[PDB]
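To keep things clear, I will list the structure first and then write my remarks on it.
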Protein chains: 2
Amino acid sequence: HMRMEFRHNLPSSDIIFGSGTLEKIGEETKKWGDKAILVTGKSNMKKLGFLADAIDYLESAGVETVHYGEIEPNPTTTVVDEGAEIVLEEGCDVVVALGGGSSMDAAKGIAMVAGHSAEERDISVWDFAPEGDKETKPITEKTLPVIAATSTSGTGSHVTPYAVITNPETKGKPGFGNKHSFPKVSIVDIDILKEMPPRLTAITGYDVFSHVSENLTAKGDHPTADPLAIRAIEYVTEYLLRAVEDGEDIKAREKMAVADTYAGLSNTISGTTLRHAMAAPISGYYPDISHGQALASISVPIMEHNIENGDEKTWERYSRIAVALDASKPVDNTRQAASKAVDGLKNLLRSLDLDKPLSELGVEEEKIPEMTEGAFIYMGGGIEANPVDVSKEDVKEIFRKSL
Amino acid sequence: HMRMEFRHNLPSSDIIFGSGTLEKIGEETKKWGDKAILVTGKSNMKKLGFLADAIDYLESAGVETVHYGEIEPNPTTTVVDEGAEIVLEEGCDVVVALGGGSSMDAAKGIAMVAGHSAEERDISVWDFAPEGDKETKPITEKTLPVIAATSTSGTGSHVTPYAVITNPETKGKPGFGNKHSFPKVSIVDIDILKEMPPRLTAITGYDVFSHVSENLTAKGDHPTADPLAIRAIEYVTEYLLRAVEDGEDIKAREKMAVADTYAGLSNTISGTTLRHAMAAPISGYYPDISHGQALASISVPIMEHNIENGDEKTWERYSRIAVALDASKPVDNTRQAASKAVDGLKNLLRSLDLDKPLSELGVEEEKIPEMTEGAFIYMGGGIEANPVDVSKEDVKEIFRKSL
Ligand SMILES: NC(=O)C1=CN([C@@H]2O[C@H](COP(=O)(O)OP(=O)(O)OC[C@H]3O[C@@H](n4cnc5c(N)ncnc54)[C@H](OP(=O)(O)O)[C@@H]3O)[C@@H](O)[C@H]2O)C=CC1
Ligand SMILES: NC(=O)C1=CN([C@@H]2O[C@H](COP(=O)(O)OP(=O)(O)OC[C@H]3O[C@@H](n4cnc5c(N)ncnc54)[C@H](OP(=O)(O)O)[C@@H]3O)[C@@H](O)[C@H]2O)C=CC1
Ligand SMILES: [Mn+2]
Ligand SMILES: [Mn+2]
């Protein structure tokens with residue numbers, strides 16, 4: 001018998017879940033600081049009224065608030081570093097996020113820079129970012145505390161340590177974070193999430209499924225993540241399409257928000273693999289491409305490559321995914337049982353209108369070698385976590401099949 | 001549709017899992033202090049050699065160590081308070097546990113007292129303990145850091161905040177703890193656990209099942225605990241009897257240790273209910289009765305009372321328990337589907353030789369009113385968490401049926 005070995009690490013988590021829990025954002029933020037920077041996107045929280053409510057709750061709690069409404073999707077180093085300058089200039093002592101993964105990550109990045117800085121700055125978020133064997137800047141308890149109110153049932157970021165930040169000079173899109181950038185308090189408000197439009201619901205929903213399916217197949221044992229990851233896939237298969245077709249189906253929104261929370265906790269304990277490592281350089285080189293659409297367009301080839309080069313332990317993991325996708329009845333540990341995960345995946349992608357080759361997104365074949373370099377330079381951990389080896393030419397070939 | 005509302009709170013967790021991970025206890029403990037009190041029982045870790053190894057690893061890591069080998073099962077206030085006096089007298093700055101729930105809880109209690117004390121003491125662990133509406137002493141970050149190496153696949157205590165301490169003057173056996181008494185590092189060593197004898201394996205195994213089955217039926221929503229709790233029941237039904245009948249079946253030991261870890265995390269997020277509230281005063285008044293045997297002997301009547309006074313949401317939870325126990329195929333939300341959990345429970349208890357009326361343990365009918373008082377004075381939270389009301393006379397009647 002093969003013995004089981006692992007180390008589980010999960011930072012403290014405080015999750016306020018329900019509809020109308022945006023109410024709490026002020027009382028909770030005051031516990032951590034008197035002056036917040038409020039990090040958001042440019043239009044939807046404002047248009048939907050939740051920006052005004054957050055500001056109200058924060059001020060009413062006695063938290064003086066500076067609004068930073070500049071996060072565009074796929075946040076950049078420049079936008080983080082400029083928001084950190086504001087934190088230093090205004091004296092903010094806590095970073096509050098109201099938005100999706102792009103806002104929550106930008107917020108964590110701002111907390112990092114501003115917390116480690118001198119008076120005017122002298123450090124960039126990129127100093128914390130992996131890049132080849134570059135020795136990163138340690139991320140320490142100096143990181144400012146982060147309060148995260150998510151608006152998508154998409155990234156898990158309200159309960160992960162990670163920020164995903166793009167450098168436009170290199171096109172890299174790495175993740176980074178640890179226990180000191182995990183949000184102190186996490187607010188999941190169904191009244192905010194249920195306003196996602198159908199397309200956003202489907203994209204962020206697929207992100208949930210992508211996290212947990214990679215978390216389960218990542219190399220080594222990780223049994224504390226696995227039941228959360230499995231249940232999330234069951235919730236995706238049962239509720240995601242319900243949420244897309246009726247945004248006001250509240251049960252379905254609640255299950256996708258629980259599923260998204262599972263995914264963040266599961267992705268903290270375990271980690272993502274090749275699909276994430278390759279989707280980063282796609283949105284890195286093509287910033288108008290949504291993260292989840294990038295994941296979708298390369299999923300089939302990657303799952304097929306991992307199954308073709310796998311072993312019985314990895315095949316059994318893919319067979320549990322197939323079962324959770326309703327693509328099969330019995331779990332088994334063979335190449336063929338595992339291959340049903342590809343059928344269930346295709347079904348999922350079709351029901352969500354996410355099955356698009358990279359061509360239909362605007363990716364061009366000439367970019368392959370650059371994007372392959374991107375994947376190894378900036379997502380080396382995910383390549384290492386993948387259950388089967390890949391060479392630089394494996395990844396080139398995978399990109400071409402996804403075109 | 002009934003909206004979903006909850007707050008999830010889980011302290012930081014660091015779990016080192018494998019066989020031979022006792023190796024790590026010194027390096028890990030040194031991160032938190034230079035001088036440990038090592039809290040253990042009186043004979044088995046010593047006899048089995050693990051006491052000598054721990055001391056070796058601690059000293060070899062440069063952690064000067066004072067051994068406190070005085071924890072008897074069902075630890076008392078007196079034993080905690082005397083161990084705290086040693087911590088103060090010797091200057092210890094970190095508390096290390098090597099043992100079962102009794103040692104781990106005693107350790108947490110010692111960390112509490114010694115951390116909040118003046119020079120010689122002036123405070124008892126009982127000051128932190130619930131007791132009616134007595135205003136407890138707040139448990140704060142002054143609590144000393146705790147390193148927990150468990151030796152039973154039984155209590156979850158290596159990953160809960162709680163200490164369960166008996167006051168022999170009152171016979172109360174409450175639990176108490178929060179984020180500041182959650183172990184900083186948790187070591188699960190299969191080489192230690194696989195030495196549990198058959199009877200201890202079965203008793204502590206039933207404790208795992210008791211935690212997660214109450215965690216799942218506790219009042220309100222708690223979806224982040226539920227998948228861990230479910231998987232634990234699946235592991236109990238599939239491996240516990242294997243572990244009892246062959247202590248050297250390592251796969252089975254590993255699954256019960258994962259199940260026990262699930263239970264601790266699940267019991268931190270959610271909570272136990274009436275079965276635990278009533279089993280406390282049994283071991284409180286009869287300290288030679290094992291916690292898990294006490295739980296076993298009152299389970300059938302309690303499950304029947306909760307099912308008889310339940311609703312469809314609680315019935316559905318019991319039906320999932322029945323399915324996880326292999327007592328039934330389809331989950332359903334009726335009184336009858338739920339009642340199959342009682343059949344699966346009876347099967348479990350019989351396969352483990354735990355189905356004994358309280359009489360066969362030495363409990364006497366004359367004690368009922370005292371034990372009922374015990375349950376409300378000292379386990380009020382669990383009564384409140386139970387999915388159906390109970391009066392003081394409900395609990396008296398339940399005790400009599402279990403006799
Ligand atoms: N663990 C981590 O740190 C992870 C990070 N990521 C990263 O997360 C980002 C995720 O972005 P994601 O959350 O998917 O979406 P984004 O945060 O990037 O932006 C979402 C878009 O949808 C709009 N929007 C957001 N919420 C709502 C809503 N409730 N109703 C209407 N419109 C809304 C936003 O409006 P506006 O423009 O007004 O904000 C914005 O235009 C990516 O950069 C990805 O790399 C992905 C996975 C995990
Ligand atoms: N979250 C919490 O804080 C919880 C706490 N509890 C409490 O936990 C305690 C649990 O006790 P539990 O862990 O069940 O058992 P105990 O720690 O009470 O003692 C176990 C007995 O078995 C012996 N022993 C322990 N490990 C081994 C081993 N690996 N091989 C051989 N002998 C062994 C001990 O030897 P020795 O005498 O040498 O130590 C002792 O005699 C109870 O007081 C209960 O109330 C219960 C559930 C949850
Ligand atoms: Mn993702
Ligand atoms: Mn118990």
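Chain identifiers are assigned as A, B, and so on, following the order in which chains appear in the structure tokens; residues are numbered from 1 within each chain, and ligands are numbered from 1 in order of appearance.
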
_Using only C-alpha atoms and a distance of at most 8 Å, pull out the residues of chain A that contact chain B, as a list in words._
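Within 8 Å of chain B on chain A, we get residues 1, 3, 4, 5, 6, 7, 8, 9, 10, 11, 12, 13, 14, 15, 16, 17, 18, 19, 223, 224, 227, 228, 231, 250, 251, 254, 258 and 262 of chain A.
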
Could you name the residues that touch stretch 145-153 of chain B at 9 Å or less, counting only C-alpha atoms, but leaving out those on the same chain fewer than 2 positions away, as a PDB file with N, CA and C atoms, in the first residue's frame?
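result-v6.pdb, written as the output of this step:
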```pdb
ATOM      1  N   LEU B  22       5.808  12.668  13.400  1.00  0.00           N
ATOM      2  CA  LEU B  22       6.280  13.067  14.719  1.00  0.00           C
ATOM      3  C   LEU B  22       7.676  13.701  14.622  1.00  0.00           C
ATOM      4  N   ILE B  25       7.946  17.471  15.097  1.00  0.00           N
ATOM      5  CA  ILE B  25       7.352  18.186  16.218  1.00  0.00           C
ATOM      6  C   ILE B  25       8.329  19.209  16.793  1.00  0.00           C
ATOM      7  N   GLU B  28       8.806  22.353  14.405  1.00  0.00           N
ATOM      8  CA  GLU B  28       7.607  23.174  14.359  1.00  0.00           C
ATOM      9  C   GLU B  28       7.417  23.925  15.665  1.00  0.00           C
ATOM     10  N   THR B  29       7.678  23.254  16.785  1.00  0.00           N
ATOM     11  CA  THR B  29       7.481  23.853  18.093  1.00  0.00           C
ATOM     12  C   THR B  29       8.465  25.008  18.317  1.00  0.00           C
ATOM     13  N   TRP B  32       7.598  28.609  17.641  1.00  0.00           N
ATOM     14  CA  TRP B  32       6.668  29.242  18.560  1.00  0.00           C
ATOM     15  C   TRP B  32       7.226  29.456  19.965  1.00  0.00           C
ATOM     16  N   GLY B  33       8.307  28.794  20.326  1.00  0.00           N
ATOM     17  CA  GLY B  33       8.854  29.013  21.657  1.00  0.00           C
ATOM     18  C   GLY B  33      10.112  28.206  21.813  1.00  0.00           C
ATOM     19  N   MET B  45       2.028   6.549  25.470  1.00  0.00           N
ATOM     20  CA  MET B  45       3.080   7.138  24.639  1.00  0.00           C
ATOM     21  C   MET B  45       4.458   6.721  25.142  1.00  0.00           C
ATOM     22  N   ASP B  93       7.142  28.587  27.368  1.00  0.00           N
ATOM     23  CA  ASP B  93       6.452  29.538  26.496  1.00  0.00           C
ATOM     24  C   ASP B  93       5.647  28.889  25.371  1.00  0.00           C
ATOM     25  N   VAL B  94       5.568  27.566  25.307  1.00  0.00           N
ATOM     26  CA  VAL B  94       4.750  26.880  24.300  1.00  0.00           C
ATOM     27  C   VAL B  94       4.316  25.536  24.884  1.00  0.00           C
ATOM     28  N   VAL B  95       3.099  25.132  24.559  1.00  0.00           N
ATOM     29  CA  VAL B  95       2.495  23.930  25.117  1.00  0.00           C
ATOM     30  C   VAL B  95       2.375  22.925  23.984  1.00  0.00           C
ATOM     31  N   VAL B  96       2.984  21.746  24.170  1.00  0.00           N
ATOM     32  CA  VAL B  96       3.012  20.686  23.170  1.00  0.00           C
ATOM     33  C   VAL B  96       2.214  19.504  23.699  1.00  0.00           C
ATOM     34  N   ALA B  97       1.250  18.997  22.906  1.00  0.00           N
ATOM     35  CA  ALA B  97       0.445  17.821  23.299  1.00  0.00           C
ATOM     36  C   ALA B  97       0.805  16.609  22.455  1.00  0.00           C
ATOM     37  N   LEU B  98       0.971  15.475  23.122  1.00  0.00           N
ATOM     38  CA  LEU B  98       1.184  14.180  22.484  1.00  0.00           C
ATOM     39  C   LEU B  98       0.252  13.196  23.175  1.00  0.00           C
ATOM     40  N   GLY B  99      -0.872  12.911  22.526  1.00  0.00           N
ATOM     41  CA  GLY B  99      -1.899  12.105  23.147  1.00  0.00           C
ATOM     42  C   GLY B  99      -3.239  12.274  22.454  1.00  0.00           C
ATOM     43  N   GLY B 100      -4.281  11.791  23.131  1.00  0.00           N
ATOM     44  CA  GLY B 100      -5.639  11.894  22.600  1.00  0.00           C
ATOM     45  C   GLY B 100      -6.329  13.174  23.025  1.00  0.00           C
ATOM     46  N   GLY B 101      -7.637  13.181  22.862  1.00  0.00           N
ATOM     47  CA  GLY B 101      -8.404  14.362  23.228  1.00  0.00           C
ATOM     48  C   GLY B 101      -8.139  14.826  24.651  1.00  0.00           C
ATOM     49  N   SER B 103      -5.364  14.660  26.414  1.00  0.00           N
ATOM     50  CA  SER B 103      -4.116  15.414  26.489  1.00  0.00           C
ATOM     51  C   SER B 103      -4.196  16.740  25.740  1.00  0.00           C
ATOM     52  N   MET B 104      -4.742  16.701  24.526  1.00  0.00           N
ATOM     53  CA  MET B 104      -4.858  17.910  23.730  1.00  0.00           C
ATOM     54  C   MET B 104      -5.722  18.936  24.429  1.00  0.00           C
ATOM     55  N   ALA B 107      -3.840  20.393  27.411  1.00  0.00           N
ATOM     56  CA  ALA B 107      -2.841  21.319  26.878  1.00  0.00           C
ATOM     57  C   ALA B 107      -3.437  22.697  26.565  1.00  0.00           C
ATOM     58  N   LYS B 108      -4.595  22.710  25.896  1.00  0.00           N
ATOM     59  CA  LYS B 108      -5.241  23.980  25.588  1.00  0.00           C
ATOM     60  C   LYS B 108      -5.634  24.687  26.862  1.00  0.00           C
ATOM     61  N   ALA B 111      -2.478  26.258  28.359  1.00  0.00           N
ATOM     62  CA  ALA B 111      -2.128  27.445  27.586  1.00  0.00           C
ATOM     63  C   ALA B 111      -2.992  28.630  27.971  1.00  0.00           C
ATOM     64  N   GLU B 141      -5.699  36.384  22.957  1.00  0.00           N
ATOM     65  CA  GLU B 141      -4.421  36.036  22.335  1.00  0.00           C
ATOM     66  C   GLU B 141      -3.302  35.797  23.353  1.00  0.00           C
ATOM     67  N   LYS B 142      -3.480  36.180  24.631  1.00  0.00           N
ATOM     68  CA  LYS B 142      -2.518  35.770  25.648  1.00  0.00           C
ATOM     69  C   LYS B 142      -2.391  34.258  25.754  1.00  0.00           C
ATOM     70  N   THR B 143      -3.382  33.508  25.291  1.00  0.00           N
ATOM     71  CA  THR B 143      -3.254  32.060  25.344  1.00  0.00           C
ATOM     72  C   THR B 143      -1.916  31.653  24.745  1.00  0.00           C
ATOM     73  N   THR B 155     -11.065  12.379  18.320  1.00  0.00           N
ATOM     74  CA  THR B 155     -11.753  13.577  18.802  1.00  0.00           C
ATOM     75  C   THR B 155     -11.719  14.819  17.878  1.00  0.00           C
ATOM     76  N   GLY B 156     -10.914  14.854  16.824  1.00  0.00           N
ATOM     77  CA  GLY B 156     -10.794  16.110  16.078  1.00  0.00           C
ATOM     78  C   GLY B 156     -10.072  17.233  16.828  1.00  0.00           C
ATOM     79  N   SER B 157      -9.693  17.001  18.085  1.00  0.00           N
ATOM     80  CA  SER B 157      -9.199  18.099  18.898  1.00  0.00           C
ATOM     81  C   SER B 157      -7.934  18.738  18.329  1.00  0.00           C
ATOM     82  N   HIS B 158      -7.133  17.993  17.544  1.00  0.00           N
ATOM     83  CA  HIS B 158      -5.942  18.636  16.975  1.00  0.00           C
ATOM     84  C   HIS B 158      -6.316  19.764  16.012  1.00  0.00           C
ATOM     85  N   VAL B 159      -7.572  19.787  15.514  1.00  0.00           N
ATOM     86  CA  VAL B 159      -8.035  20.904  14.689  1.00  0.00           C
ATOM     87  C   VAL B 159      -9.391  21.447  15.168  1.00  0.00           C
ATOM     88  N   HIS B 180      -8.111  31.694  19.619  1.00  0.00           N
ATOM     89  CA  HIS B 180      -6.816  31.814  20.311  1.00  0.00           C
ATOM     90  C   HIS B 180      -6.366  30.549  21.010  1.00  0.00           C
ATOM     91  N   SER B 181      -7.210  29.512  21.053  1.00  0.00           N
ATOM     92  CA  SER B 181      -6.810  28.201  21.567  1.00  0.00           C
ATOM     93  C   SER B 181      -6.813  27.132  20.478  1.00  0.00           C
ATOM     94  N   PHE B 182      -6.894  27.525  19.202  1.00  0.00           N
ATOM     95  CA  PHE B 182      -6.811  26.549  18.117  1.00  0.00           C
ATOM     96  C   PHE B 182      -5.340  26.237  17.885  1.00  0.00           C
ATOM     97  N   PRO B 183      -4.948  24.962  17.763  1.00  0.00           N
ATOM     98  CA  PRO B 183      -3.512  24.648  17.716  1.00  0.00           C
ATOM     99  C   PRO B 183      -2.844  25.327  16.524  1.00  0.00           C
ATOM    100  N   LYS B 184      -1.646  25.853  16.778  1.00  0.00           N
ATOM    101  CA  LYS B 184      -0.894  26.492  15.706  1.00  0.00           C
ATOM    102  C   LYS B 184      -0.458  25.489  14.657  1.00  0.00           C
ATOM    103  N   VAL B 185      -0.070  24.287  15.082  1.00  0.00           N
ATOM    104  CA  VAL B 185       0.364  23.237  14.165  1.00  0.00           C
ATOM    105  C   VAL B 185      -0.217  21.910  14.674  1.00  0.00           C
ATOM    106  N   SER B 186      -0.635  21.061  13.740  1.00  0.00           N
ATOM    107  CA  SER B 186      -1.358  19.828  14.051  1.00  0.00           C
ATOM    108  C   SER B 186      -0.607  18.707  13.356  1.00  0.00           C
ATOM    109  N   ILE B 187      -0.203  17.696  14.113  1.00  0.00           N
ATOM    110  CA  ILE B 187       0.569  16.592  13.556  1.00  0.00           C
ATOM    111  C   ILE B 187      -0.272  15.320  13.676  1.00  0.00           C
ATOM    112  N   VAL B 188      -0.462  14.640  12.563  1.00  0.00           N
ATOM    113  CA  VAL B 188      -1.231  13.402  12.497  1.00  0.00           C
ATOM    114  C   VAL B 188      -0.245  12.363  12.010  1.00  0.00           C
ATOM    115  N   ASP B 189       0.202  11.471  12.914  1.00  0.00           N
ATOM    116  CA  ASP B 189       1.197  10.455  12.581  1.00  0.00           C
ATOM    117  C   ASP B 189       0.549   9.073  12.599  1.00  0.00           C
ATOM    118  N   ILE B 190       0.523   8.423  11.434  1.00  0.00           N
ATOM    119  CA  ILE B 190      -0.155   7.129  11.320  1.00  0.00           C
ATOM    120  C   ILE B 190       0.559   6.069  12.161  1.00  0.00           C
ATOM    121  N   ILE B 192       1.645   6.410  15.100  1.00  0.00           N
ATOM    122  CA  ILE B 192       1.125   6.501  16.459  1.00  0.00           C
ATOM    123  C   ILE B 192      -0.296   5.974  16.517  1.00  0.00           C
ATOM    124  N   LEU B 193      -1.132   6.414  15.557  1.00  0.00           N
ATOM    125  CA  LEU B 193      -2.547   6.051  15.545  1.00  0.00           C
ATOM    126  C   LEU B 193      -2.753   4.547  15.379  1.00  0.00           C
ATOM    127  N   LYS B 194      -1.952   3.900  14.528  1.00  0.00           N
ATOM    128  CA  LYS B 194      -2.150   2.483  14.235  1.00  0.00           C
ATOM    129  C   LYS B 194      -1.865   1.607  15.443  1.00  0.00           C
ATOM    130  N   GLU B 195      -1.319   2.167  16.525  1.00  0.00           N
ATOM    131  CA  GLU B 195      -1.175   1.418  17.763  1.00  0.00           C
ATOM    132  C   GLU B 195      -2.400   1.476  18.661  1.00  0.00           C
ATOM    133  N   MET B 196      -3.426   2.277  18.336  1.00  0.00           N
ATOM    134  CA  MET B 196      -4.652   2.163  19.110  1.00  0.00           C
ATOM    135  C   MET B 196      -5.082   0.695  19.168  1.00  0.00           C
ATOM    136  N   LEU B 200     -10.249   0.900  21.707  1.00  0.00           N
ATOM    137  CA  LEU B 200     -10.031   2.340  21.584  1.00  0.00           C
ATOM    138  C   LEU B 200     -10.319   2.813  20.164  1.00  0.00           C
ATOM    139  N   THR B 201      -9.896   2.022  19.172  1.00  0.00           N
ATOM    140  CA  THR B 201     -10.221   2.327  17.780  1.00  0.00           C
ATOM    141  C   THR B 201     -11.724   2.495  17.576  1.00  0.00           C
ATOM    142  N   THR B 204     -13.156   5.742  19.654  1.00  0.00           N
ATOM    143  CA  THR B 204     -12.782   7.024  19.062  1.00  0.00           C
ATOM    144  C   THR B 204     -13.335   7.137  17.649  1.00  0.00           C
ATOM    145  N   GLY B 205     -13.412   6.007  16.951  1.00  0.00           N
ATOM    146  CA  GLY B 205     -14.064   5.997  15.650  1.00  0.00           C
ATOM    147  C   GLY B 205     -15.505   6.453  15.733  1.00  0.00           C
ATOM    148  N   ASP B 207     -16.689   8.435  17.917  1.00  0.00           N
ATOM    149  CA  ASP B 207     -16.649   9.871  18.193  1.00  0.00           C
ATOM    150  C   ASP B 207     -16.607  10.687  16.893  1.00  0.00           C
ATOM    151  N   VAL B 208     -15.767  10.262  15.937  1.00  0.00           N
ATOM    152  CA  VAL B 208     -15.716  10.862  14.614  1.00  0.00           C
ATOM    153  C   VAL B 208     -17.115  10.906  13.991  1.00  0.00           C
ATOM    154  N   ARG B 253      -6.433   2.933   8.632  1.00  0.00           N
ATOM    155  CA  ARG B 253      -6.015   3.933   9.617  1.00  0.00           C
ATOM    156  C   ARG B 253      -5.939   5.313   8.990  1.00  0.00           C
ATOM    157  N   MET B 256      -9.543   6.730   8.578  1.00  0.00           N
ATOM    158  CA  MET B 256     -10.082   7.191   9.850  1.00  0.00           C
ATOM    159  C   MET B 256      -9.355   8.472  10.336  1.00  0.00           C
ATOM    160  N   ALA B 257      -8.056   8.588  10.112  1.00  0.00           N
ATOM    161  CA  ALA B 257      -7.375   9.841  10.504  1.00  0.00           C
ATOM    162  C   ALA B 257      -7.818  11.028   9.643  1.00  0.00           C
ATOM    163  N   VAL B 258      -7.989  10.835   8.333  1.00  0.00           N
ATOM    164  CA  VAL B 258      -8.583  11.907   7.512  1.00  0.00           C
ATOM    165  C   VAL B 258      -9.996  12.220   8.002  1.00  0.00           C
ATOM    166  N   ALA B 259     -10.793  11.162   8.288  1.00  0.00           N
ATOM    167  CA  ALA B 259     -12.160  11.370   8.769  1.00  0.00           C
ATOM    168  C   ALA B 259     -12.186  12.161  10.065  1.00  0.00           C
ATOM    169  N   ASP B 260     -11.274  11.833  10.997  1.00  0.00           N
ATOM    170  CA  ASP B 260     -11.171  12.549  12.249  1.00  0.00           C
ATOM    171  C   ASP B 260     -10.795  14.027  12.022  1.00  0.00           C
ATOM    172  N   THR B 261      -9.933  14.282  11.049  1.00  0.00           N
ATOM    173  CA  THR B 261      -9.565  15.674  10.715  1.00  0.00           C
ATOM    174  C   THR B 261     -10.757  16.430  10.135  1.00  0.00           C
TER     175      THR B 261
END
```

*Test item: residues lying within 8 Å of ligand 4 with only C-alpha atoms and all ligand atoms, as a PyMOL selection string*: chain B and resi 154-155+207-208+210-211+276+291-292+295

_When you look at residue B:376 with a cut-off of 8 Å (counting only C-alpha atoms), what residues show up, excluding the ones that are within fewer than 3 positions of it in the same chain? I need them as a VMD selection string._
chain B and resid 132 277 372 to 373 379 to 380 383 392

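Coordinates place atom CA of residue A:136 at a distance of 17.5 Å from atom CA of residue A:121.
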
*Select from stretch 105-180 of chain A everything DSSP, run on the backbone, classes as alpha helix (DSSP H), then give the selection as a PyMOL selection string.*
chain A and resi 105-115

*Which residue out of B:234, B:131, B:81, B:355 has the minimum interatomic distance to residue B:323 when only C-alpha atoms are used?*
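The answer is B:234, which sits nearest to residue B:323.
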
Would you list, as a compact mmCIF listing (two decimals) with N, CA and C atoms, in the first residue's frame, the residues of stretch 59-259 of chain A that end up in strand (DSSP E) under DSSP run on this structure's backbone?
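Contents of states-v3.txt, as written:
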```
# COMPACT_ATOMS: atom_id res chain seq x y z
N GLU A 64 -13.65 56.44 7.41
CA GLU A 64 -13.46 57.42 6.35
C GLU A 64 -12.98 56.73 5.08
N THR A 65 -13.55 57.09 3.93
CA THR A 65 -13.38 56.26 2.73
C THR A 65 -12.92 57.06 1.51
N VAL A 66 -11.85 56.58 0.87
CA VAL A 66 -11.37 57.07 -0.42
C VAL A 66 -11.70 56.02 -1.50
N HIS A 67 -12.56 56.41 -2.44
CA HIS A 67 -12.96 55.53 -3.53
C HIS A 67 -11.91 55.51 -4.63
N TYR A 68 -11.46 54.30 -5.01
CA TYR A 68 -10.56 54.06 -6.14
C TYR A 68 -11.33 53.22 -7.15
N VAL A 94 -6.64 50.34 5.66
CA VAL A 94 -7.32 49.08 5.34
C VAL A 94 -7.85 49.18 3.91
N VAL A 95 -7.80 48.06 3.20
CA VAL A 95 -8.16 48.01 1.79
C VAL A 95 -9.44 47.20 1.69
N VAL A 96 -10.49 47.81 1.11
CA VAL A 96 -11.80 47.20 0.98
C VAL A 96 -12.08 46.98 -0.50
N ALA A 97 -12.46 45.75 -0.89
CA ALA A 97 -12.80 45.44 -2.30
C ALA A 97 -14.29 45.18 -2.45
N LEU A 98 -14.87 45.78 -3.49
CA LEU A 98 -16.25 45.55 -3.88
C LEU A 98 -16.24 45.34 -5.39
N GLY A 99 -16.31 44.07 -5.80
CA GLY A 99 -16.16 43.74 -7.19
C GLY A 99 -15.82 42.27 -7.38
N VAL A 146 -7.24 43.29 4.32
CA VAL A 146 -8.14 43.36 3.17
C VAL A 146 -9.52 42.88 3.58
N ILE A 147 -10.54 43.66 3.24
CA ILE A 147 -11.93 43.26 3.39
C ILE A 147 -12.47 43.02 1.98
N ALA A 148 -12.99 41.80 1.70
CA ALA A 148 -13.39 41.45 0.33
C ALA A 148 -14.89 41.20 0.26
N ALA A 149 -15.60 42.02 -0.51
CA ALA A 149 -17.00 41.74 -0.86
C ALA A 149 -17.08 41.37 -2.34
N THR A 150 -17.30 40.09 -2.64
CA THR A 150 -17.30 39.65 -4.02
C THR A 150 -18.61 39.99 -4.75
N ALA A 163 -3.35 37.11 -5.64
CA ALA A 163 -3.64 38.19 -6.59
C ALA A 163 -3.07 37.81 -7.95
N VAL A 164 -3.84 38.00 -9.02
CA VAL A 164 -3.36 37.70 -10.36
C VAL A 164 -3.20 39.04 -11.09
N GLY A 175 0.10 34.62 -10.56
CA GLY A 175 -0.56 34.74 -9.28
C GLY A 175 0.48 34.69 -8.16
N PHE A 176 0.11 35.26 -7.01
CA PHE A 176 1.00 35.32 -5.86
C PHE A 176 0.17 35.82 -4.69
N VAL A 185 -11.92 39.44 6.23
CA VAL A 185 -13.36 39.18 6.26
C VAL A 185 -13.85 39.12 4.81
N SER A 186 -14.78 38.21 4.55
CA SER A 186 -15.24 37.91 3.19
C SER A 186 -16.76 38.04 3.21
N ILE A 187 -17.30 38.88 2.34
CA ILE A 187 -18.74 39.12 2.30
C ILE A 187 -19.27 38.60 0.97
N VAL A 188 -20.27 37.74 1.03
CA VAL A 188 -20.90 37.15 -0.14
C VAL A 188 -22.35 37.60 -0.06
N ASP A 189 -22.74 38.56 -0.92
CA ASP A 189 -24.09 39.11 -0.90
C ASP A 189 -24.85 38.67 -2.16
```

*Contacts of residue B:213 at 9 Å or less, counting only C-alpha atoms, minus same-chain residues fewer than 6 places along, as a PyMOL selection string?*
chain B and resi 229-230+233+272+317-318+321

*Long-range neighbours of residue B:313 as JSON, numbers by chain, 12 Å cut-off, only C-alpha atoms, 5 positions minimum in chain*: {"B": [2, 216, 217, 218, 219, 220, 221, 306, 307, 318, 319, 320, 331, 332, 333, 334, 335, 337, 338, 387, 388]}

*Contact residues around residue B:325 with only C-alpha atoms at 6 Å, ignoring same-chain residues under 2 positions, as number ranges by chain*: B: 237, 322-323, 327, 344

_Would you compute the distance between atom CA of residue B:294 and atom CA of residue B:135? Give it in Å to one decimal._
28.7 Å

*For residue A:177: contacts at 8 Å, only C-alpha atoms, fewer than 6 positions along chain excluded, given as a list in words*: residues 139, 161, 162 and 163 of chain A
